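Heads up, what comes next is one protein chain in two forms, each shown on its own as structure tokens, labelled structure 1 and structure 2.
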Structure 1
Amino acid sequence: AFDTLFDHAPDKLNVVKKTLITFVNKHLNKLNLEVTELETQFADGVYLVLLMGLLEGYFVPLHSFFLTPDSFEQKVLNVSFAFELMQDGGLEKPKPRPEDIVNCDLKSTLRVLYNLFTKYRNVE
């Protein structure tokens, strides 16, 4: 499904990218945070955790994750925690490994965000 959209549709891919740039900025701007590059600013897991709370209606206590991760291990933990929250929200377990997001596999970064946009379309 999403494989064809990434690999075999460049024109549509960029209609979805700008969408996702608007989508995540719609929510993170409420925290005075801006997302200018889809492919590198989600890698440490922080904005994914913050996004999940903005999208499912909770705050995540700052002692529950690494607000400023100082290691590859901490970013992997953040991303894994974000995937857990995704699963608590009704999504099935994401297909990419948490390390794939931390390593900027764009097909993985976009797939996670695509499934977030798809699910939380009507959320304001």
Structure 2
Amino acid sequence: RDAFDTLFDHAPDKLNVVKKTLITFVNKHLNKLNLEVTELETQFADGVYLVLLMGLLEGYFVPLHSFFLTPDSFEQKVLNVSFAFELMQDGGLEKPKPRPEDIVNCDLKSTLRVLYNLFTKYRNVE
């Protein structure tokens, strides 16, 4: 159990604060690649933006041969997410709480936990 379980159970009306903050953070970076997220619920599920965001934040060039830019199956999306989780740990973040499948399945709690951990680590990156 963590603050996100308490958020959904006891303060679900504060979810907009959470999503607005995280959306603003992710777009600050994705905008540099001519990319833009308009909803956290679905737009990270295929793993592509997560991979691209990590490469950007860490200054690693992520080669296209390393992931699936246009995933066409559940398993390609799971592989993208897993690789993004790998890059997170290469950045010095701890192992994420959610399984990669939870992200692919659009579990909002899982998505928020993952983006929040990026936020807290990379909040000062211009």
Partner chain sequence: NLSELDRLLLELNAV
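Think of the rigid core as the biggest set of C-alphas that the two forms share within 1.5 Å after superposition. Residue indices: 1-based, along structure 1.
K.L.:
Between structure 1 and structure 2, which should be identified as the form deposited without the partner chain?
P.N.:
Pick structure 1; the other is not the form deposited without the partner chain.
K.L.:
Relative to the superposed rigid core, does the CA atom of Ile21 travel 2 Å or more between the two structures?
P.N.:
No, the C-alpha position differs by under 2 Å between the two structures.
K.L.:
After a rigid core superposition, would you say the CA of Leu106 moves by 2 angstroms or more between the two structures, or not?
P.N.:
Shift at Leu106: below 2 Å after core fit.
K.L.:
Given a superposition on the rigid core, I'd like a yes or no on whether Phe117 shifts its C-alpha by 2 Å or more between the two structures.
P.N.:
Moves: no, less than 2 Å.
K.L.:
Once both forms are fitted on the core, what is the Cα shift for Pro10 between the two structures in Å?
P.N.:
That residue's C-alpha sits 3.4 Å away in the other form.
K.L.:
Keeping the rigid core superposed, can you check how far the CA atom of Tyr58 moves between the two structures, in angstrom?
P.N.:
Its C-alpha shift, to one decimal, is 1.3 Å.
K.L.:
Once the two forms are fitted on their rigid core, how many angstrom does the CA of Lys30 move between the two structures?
P.N.:
Rounded to one decimal, the shift is 1.0 Å.
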